[PDB]
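Scroll down for the structure; my scribbles are underneath it.
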2 protein chains.
Amino acid sequence: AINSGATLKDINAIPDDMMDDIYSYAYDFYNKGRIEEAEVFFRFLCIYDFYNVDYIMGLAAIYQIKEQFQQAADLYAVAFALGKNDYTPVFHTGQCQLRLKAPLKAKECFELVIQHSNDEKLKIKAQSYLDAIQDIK
Amino acid sequence: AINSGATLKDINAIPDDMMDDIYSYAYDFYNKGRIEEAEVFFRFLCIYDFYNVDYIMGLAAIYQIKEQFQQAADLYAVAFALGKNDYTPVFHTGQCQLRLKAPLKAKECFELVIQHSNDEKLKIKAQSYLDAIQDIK
């Protein structure tokens with residue numbers, strides 16, 4: 001039988017002050033270089049609240065360091081759909097499409113950041129990438 | 001719309017050699033004193049394979065240090081139901097019921113370990129607790 005029992009036996013709901021504390025550790029383990037450990041905290045956060053741009057961006061940033069570019073890119077796709085005209089995710093999907101050796105999709109991602117973004121610093125990165133592509137093709 | 005896309009986009013299934021590596025970190029963070037960080041790795045493992053005695057015992061051991069005794073005890077309940085006559089979980093449910101200041105339930109847990117367990121070392125702990133209860137009531 002096993003059953004489950006006279007129980008409780010949750011209540012998986014996690015308090016918000018703890019959901020945030022989890023993010024904090026996810027960031028720390030990221031910064032402090034310990035990647036595979038931070039991939040958990042993120043994969044966890046996404047399992048709970050998947051429509052959070054901050055959590056998706058985190059996870060995607062990890063699949064990108066782990067060099068699993070296809071996955072990181074599909075995630076950035078969503079981070080940008082939840083993206084109220086935030087073009088950061090599109091820039092990185094550019095970096096990814098580049099390492100996936102498909103530079104036509106890559107060129108479009110950067111061209112697109114330049115045309116619609118209001119992040120003056122990001123437009124600079126994105127333009128700088130375009131320039132560096134045609135500089136030794 | 002958002003959609004999800006041309007994707008994959010898992011595939012949450014985690015390789016077994018990684019599920020084990022996650023346990024390993026959960027233990028390390030536990031031993032190395034960093035509790036709240038280990039509570040995640042465990043809460044994660046239970047989210048995946050909840051019918052694992054090792055994972056449940058881990059999480060319960062953490063709720064018990066975090067002094068959330070009621071939750072720790074409900075988990076031990078299950079760790080023992082999956083428990084092929086392993087009475088360790090019942091011993092701790094005794095420690096918990098004690099801090100929940102309900103010493104009648106506590107006395108029964110220990111008496112029960114004494115009567116059915118084959119862990120000679122455990123039977124000594126369980127008996128010593130009983131003796132220490134009536135020694136200054």
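Chain identifiers are assigned as A, B, and so on, following the order in which chains appear in the structure tokens; residues are numbered from 1 within each chain, and ligands are numbered from 1 in order of appearance.
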Taking only C-alpha atoms into account, find every residue of chain B that has an atom no more than 7 Å from chain A, and write it out as a PyMOL selection string. chain B and resi 2+4+7-9+44+74-75+78+81-82
Give me a file of those residues, with N, CA, C and O atoms, as a PDB file, in the first residue's frame.
```pdb
ATOM      1  N   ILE B   2       3.598  35.015 -27.024  1.00  0.00           N
ATOM      2  CA  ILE B   2       4.740  34.400 -26.371  1.00  0.00           C
ATOM      3  C   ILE B   2       5.013  33.124 -27.151  1.00  0.00           C
ATOM      4  O   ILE B   2       6.078  32.989 -27.740  1.00  0.00           O
ATOM      5  N   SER B   4       5.787  29.104 -27.488  1.00  0.00           N
ATOM      6  CA  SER B   4       7.024  28.592 -26.911  1.00  0.00           C
ATOM      7  C   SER B   4       8.115  28.476 -27.957  1.00  0.00           C
ATOM      8  O   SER B   4       9.242  28.960 -27.761  1.00  0.00           O
ATOM      9  N   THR B   7      11.379  24.223 -30.696  1.00  0.00           N
ATOM     10  CA  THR B   7      12.006  24.080 -29.402  1.00  0.00           C
ATOM     11  C   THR B   7      12.157  22.677 -28.831  1.00  0.00           C
ATOM     12  O   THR B   7      11.764  21.680 -29.438  1.00  0.00           O
ATOM     13  N   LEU B   8      12.732  22.654 -27.632  1.00  0.00           N
ATOM     14  CA  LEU B   8      13.240  21.474 -26.959  1.00  0.00           C
ATOM     15  C   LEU B   8      14.403  22.024 -26.165  1.00  0.00           C
ATOM     16  O   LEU B   8      15.551  21.733 -26.470  1.00  0.00           O
ATOM     17  N   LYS B   9      14.128  22.818 -25.134  1.00  0.00           N
ATOM     18  CA  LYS B   9      12.844  22.912 -24.405  1.00  0.00           C
ATOM     19  C   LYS B   9      12.316  21.593 -23.879  1.00  0.00           C
ATOM     20  O   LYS B   9      11.356  21.011 -24.380  1.00  0.00           O
ATOM     21  N   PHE B  44      14.718  19.783  -4.008  1.00  0.00           N
ATOM     22  CA  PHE B  44      14.788  19.554  -5.453  1.00  0.00           C
ATOM     23  C   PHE B  44      14.701  18.061  -5.750  1.00  0.00           C
ATOM     24  O   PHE B  44      13.879  17.620  -6.540  1.00  0.00           O
ATOM     25  N   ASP B  74       6.461  14.561   9.598  1.00  0.00           N
ATOM     26  CA  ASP B  74       5.519  14.006   8.605  1.00  0.00           C
ATOM     27  C   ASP B  74       6.303  13.334   7.508  1.00  0.00           C
ATOM     28  O   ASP B  74       5.811  12.407   6.850  1.00  0.00           O
ATOM     29  N   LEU B  75       7.514  13.845   7.299  1.00  0.00           N
ATOM     30  CA  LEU B  75       8.398  13.318   6.269  1.00  0.00           C
ATOM     31  C   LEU B  75       8.995  11.996   6.724  1.00  0.00           C
ATOM     32  O   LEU B  75       9.095  11.041   5.955  1.00  0.00           O
ATOM     33  N   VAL B  78       6.830   9.034   6.155  1.00  0.00           N
ATOM     34  CA  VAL B  78       6.915   8.456   4.827  1.00  0.00           C
ATOM     35  C   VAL B  78       8.210   7.683   4.638  1.00  0.00           C
ATOM     36  O   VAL B  78       8.201   6.620   4.005  1.00  0.00           O
ATOM     37  N   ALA B  81       7.441   4.435   6.020  1.00  0.00           N
ATOM     38  CA  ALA B  81       6.527   3.666   5.182  1.00  0.00           C
ATOM     39  C   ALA B  81       7.231   3.060   3.970  1.00  0.00           C
ATOM     40  O   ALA B  81       6.937   1.933   3.592  1.00  0.00           O
ATOM     41  N   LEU B  82       8.142   3.809   3.349  1.00  0.00           N
ATOM     42  CA  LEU B  82       8.988   3.247   2.298  1.00  0.00           C
ATOM     43  C   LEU B  82      10.060   2.391   2.959  1.00  0.00           C
ATOM     44  O   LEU B  82      10.845   1.712   2.283  1.00  0.00           O
TER      45      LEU B  82
END
```
> If you count only C-alpha atoms, which residues fall within 8 Å of residue A:130, apart from same-chain ones fewer than 6 positions away, as a list in words?
Replying inline: residues 107, 110 and 111 of chain A
Keeping only C-alpha atoms, write those residues as a PDB file, in the first residue's frame.
```
ATOM      1  CA  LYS A 107      23.379  39.021 -37.993  1.00  0.00           C
ATOM      2  CA  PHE A 110      22.122  42.144 -33.644  1.00  0.00           C
ATOM      3  CA  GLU A 111      20.623  44.285 -36.442  1.00  0.00           C
TER       4      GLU A 111
END
```
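Across the model, the gap from atom CA of residue B:15 to atom CA of residue A:31 is 25.3 Å.
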| task | Can you check which residues of stretch 8-137 of chain A DSSP gives as alpha helix (DSSP H) on the backbone and send them as number ranges by chain? | result | A: 16-31, 35-48, 53-65, 69-81, 88-99, 103-116, 120-134
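Atom CA of residue A:23 is found 23.0 Å from atom CA of residue B:61.
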**Prompt:** Interatomic distance between atom CA of residue B:60 and atom CA of residue B:87?
**Reply:**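 Separation between atom CA of residue B:60 and atom CA of residue B:87: 14.6 Å.
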Give me the residues near residue A:94 as a CSV table (one decimal) with N, CA and C atoms, in the first residue's frame, where near means some atom within 10 Å (using only C-alpha atoms) and where sequence neighbours in that chain fewer than 4 positions away do not count.
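result_30.csv, written as the output of this step:
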```
chain,number,residue,atom,x,y,z
A,73,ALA,N,19.3,29.4,-26.2
A,73,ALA,CA,18.7,30.2,-27.2
A,73,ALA,C,17.2,30.2,-27.2
A,76,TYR,N,16.1,32.2,-24.2
A,76,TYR,CA,16.1,33.6,-24.4
A,76,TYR,C,14.9,34.1,-25.2
A,88,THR,N,17.9,42.8,-24.4
A,88,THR,CA,19.0,42.0,-24.0
A,88,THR,C,18.9,40.5,-24.4
A,89,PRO,N,17.8,39.8,-24.1
A,89,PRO,CA,17.7,38.4,-24.6
A,89,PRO,C,18.0,38.2,-26.1
A,90,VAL,N,17.6,39.2,-26.9
A,90,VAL,CA,17.8,39.1,-28.3
A,90,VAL,C,19.3,39.2,-28.7
A,98,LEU,N,25.5,32.5,-33.2
A,98,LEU,CA,26.9,32.6,-33.7
A,98,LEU,C,27.7,31.4,-33.5
A,99,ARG,N,27.6,30.8,-32.3
A,99,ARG,CA,28.4,29.6,-31.9
A,99,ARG,C,27.8,28.4,-32.4
A,100,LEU,N,26.5,28.5,-32.8
A,100,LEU,CA,25.8,27.5,-33.6
A,100,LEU,C,26.1,27.5,-35.0
A,102,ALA,N,25.6,29.7,-37.4
A,102,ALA,CA,24.5,30.1,-38.3
A,102,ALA,C,24.4,31.6,-38.3
A,103,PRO,N,25.5,32.3,-38.9
A,103,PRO,CA,25.7,33.7,-38.8
A,103,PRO,C,24.7,34.6,-39.5
A,104,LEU,N,23.8,34.0,-40.3
A,104,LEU,CA,22.7,34.8,-40.9
A,104,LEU,C,21.6,35.1,-39.9
A,105,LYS,N,21.3,34.2,-39.1
A,105,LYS,CA,20.3,34.4,-38.0
A,105,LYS,C,21.0,35.3,-37.0
A,106,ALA,N,22.3,35.2,-36.8
A,106,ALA,CA,23.0,35.9,-35.8
A,106,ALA,C,23.0,37.4,-36.2
A,107,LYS,N,23.3,37.7,-37.5
A,107,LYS,CA,23.4,39.0,-38.0
A,107,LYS,C,22.0,39.7,-37.8
A,108,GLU,N,20.9,39.0,-38.0
A,108,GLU,CA,19.6,39.6,-37.8
A,108,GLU,C,19.3,39.9,-36.4
A,109,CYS,N,19.7,39.1,-35.4
A,109,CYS,CA,19.5,39.4,-34.0
A,109,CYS,C,20.2,40.7,-33.6
A,110,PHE,N,21.4,40.9,-34.0
A,110,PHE,CA,22.1,42.1,-33.6
A,110,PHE,C,21.5,43.4,-34.4
A,111,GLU,N,21.3,43.2,-35.7
A,111,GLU,CA,20.6,44.3,-36.4
A,111,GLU,C,19.3,44.7,-35.8
A,112,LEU,N,18.6,43.7,-35.2
A,112,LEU,CA,17.3,44.0,-34.6
A,112,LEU,C,17.5,44.7,-33.3
A,113,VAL,N,18.5,44.4,-32.5
A,113,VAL,CA,18.8,45.1,-31.3
A,113,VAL,C,19.1,46.6,-31.5
A,126,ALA,N,26.0,45.4,-29.5
A,126,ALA,CA,25.4,44.8,-30.7
A,126,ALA,C,26.0,45.2,-32.0
A,129,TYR,N,29.5,43.9,-32.3
A,129,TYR,CA,29.5,42.5,-32.8
A,129,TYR,C,29.4,42.4,-34.3
```
